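Beneath this line is the structure, given in C-alpha cells, with notes to follow.
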Ligand SMILES: COc1ccc(OCCN2C[C@H]3CCC[C@@H](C2=O)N3S(=O)(=O)c2ccc3[nH]c(=O)sc3c2)cc1OC
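In the numbering used here, the protein residues as written are 570 to 697.
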C-alpha cells in the first residue's frame with residue numbers, strides 16, 4: 570500500500586540525508602513557489618501508524634490544519650516536508666521517529682518510536 574510504497578520508493582528530503590523523511594509527490598501543484606519560513610500554511614492531512622491505524626485526519630473535522638512554517642509548531646518532518654510543497658500539491662511523507670515524536674510518542678494515539686505516514690495537501694500559504 571501507500572506507506573510501503575513511500576518507504577521503498579520515496580525520496581529523502583532531509584538536509585542530513587539520513588532518510589528520516591521520505592516523500593512522493595502524488596499531485597503536482599501550481600508553479601514553482603514553495604512557502605517561506607513564517608508563512609501561515611493551510612493543509613489537509615491524514616496520518617497513519619505503521620500498524621495501519623489512522624490516528625488523525627483534518628478532512629474528518631471539516632477544517633484545515635493551520636500553522637506557521639518553520640517554527641517548530643509541528644513535528645520536524647512537517648516543517649521540512651511542507652516547505653518543499655507547491656500550492657495545490659498532494660504528497661506522501663514517511664517520517665521516522667527522530668523527525669516525529671521520538672521515544673516519547675504522543676498520548677493517546679502515537680506510541681514510542683513510531684514511524685508515521687502522512688498524506689498532505691497544501692491548500693494555501695500566505696505571509697502575515
Ligand atoms: C516542535 O516539536 C513539536 C511541535 C508540535 C508537535 O505536535 C503538535 C503539532 N502537530 C499536530 C498534528 C498535525 C501536524 C502534524 C503533527 C504535529 O506536529 N500532529 S499529528 O498529525 O502527527 C498528531 C499527533 C497526535 C495526535 N493525537 C490526536 O489525538 S490527533 C494527533 C495528531 C510535536 C512536536 O514534537 C515534539
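Virtual Cβ for every residue (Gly too), placed ideally from N, Cα, C.
Query, Result
"Own chain, CB closer than 6 Å to residue 681, minus 5 neighbours either side, in chain order", "672, 674"
"Distance between beta carbons of residue 650 and residue 520, contact taken as under 8 Å", "As shown, the chain starts at 570 and ends at 697. That puts residue 520 outside it, with no answer to give."
"Collapsed DSSP secondary structure at residue 629 in the structure displayed", "helix"
"Cut-off 6 Å between Cβ atoms - residues of its own chain near residue 626, not counting five sequence neighbours on either side", "615"
"Buried versus exposed call for residue 677 [16 or more other C-beta atoms within 10 Å across all chains shown]", "exposed"
"Bridge partners - residue 599, DSSP secondary structure assignment", "656"
"Segment contact flag, the region 576-592 with the region 624-643, C-beta cutoff 8 Å, min 3 pairs", "no"
"beta-carbon residue 616 near ligand 1 non-hydrogen atom, thresh 8 Å", "yes"
"Residue 660 versus residue 577: straight-line alpha-carbon distance, rounded", "15 Å"
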